[PDB]
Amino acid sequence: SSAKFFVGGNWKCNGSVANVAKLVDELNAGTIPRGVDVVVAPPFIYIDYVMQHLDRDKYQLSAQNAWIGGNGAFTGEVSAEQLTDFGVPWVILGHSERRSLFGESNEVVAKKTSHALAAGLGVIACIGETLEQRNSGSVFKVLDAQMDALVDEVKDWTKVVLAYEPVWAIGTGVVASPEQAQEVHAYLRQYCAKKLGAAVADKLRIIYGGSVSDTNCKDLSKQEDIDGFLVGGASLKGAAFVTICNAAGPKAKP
């Protein structure tokens, strides 16, 4: 493919004022290679502080979710229009935790994505199959359906990053190897070549959202079709997250 290599840090539902301030200072102390895009995604309430204190040279902001449509009578929700106006450039949509806890369907994720893109955001669009689905021999069926929904809604992939979450290897006692990750990313790449054209597919960042740490990031980053990461808990440890950002090597390059 390529790239730029792309690393997103999903803080999930974690933070305190003191811990966020400390994490921002750790991130600001880190050195990131030229030509890597790095995004960090705090809970909504911290986005103002982070945008004001985190080095813009090195990092961009993301939200962890957005509503399916524009402003209106949707108590508790934040819209893509609000995020764009606030100066946030990215949003994560369709994370496995929202597909499962909040019942976000393939179609809901896809509509959230197209709405966000039309409001001016970039989207980290998440897909992935569970252990039950992998056990049943449904990996292609599930991923194709998740992707077909996105392709039905999205016309321009320039500001989309596709994130694969091996949800079979998240909280199940199963580890995913780099070879298993690459097998899925190669499948996704050929799917996208067929649906979108080889030029779009080659430029699309397909990032890995299984458990990524400072321990395994270089084994993963060397895989042919892994263009970066959507990091979970390691994103809360500044130096470990900066190490993951440095795993890019030749995929930066710049």
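From 1 onward, residues are counted along the sequence shown.
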The stretch carrying the higher mean Cα B factor in the deposited entry, 4 to 12 or 243 to 251, is 243 to 251
168 to 176 set against 93 to 101, stretch whose average Cα temperature factor tops the other in the entry = 168 to 176
Residue with maximal Cα B-factor (values as given in the PDB entry) among 154, 73, 116, 163 = 154
Which third of the chain does residue 142 land in by C-alpha B-factor: lowest, middle or highest?
-> highest
Check where residue 33 lands among this chain's C-alpha B-factors and tell me if it's the lowest, middle or highest third.
-> highest
Using the B-factors in the PDB entry, rank residue 87's C-alpha atom against the chain and give the third, lowest, middle or highest.
-> middle
In terms of the chain's CA B-factor thirds, is residue 132 lowest, middle or highest?
-> highest
Residue 206's Cα B-factor: lowest, middle or highest third of the chain?
-> lowest
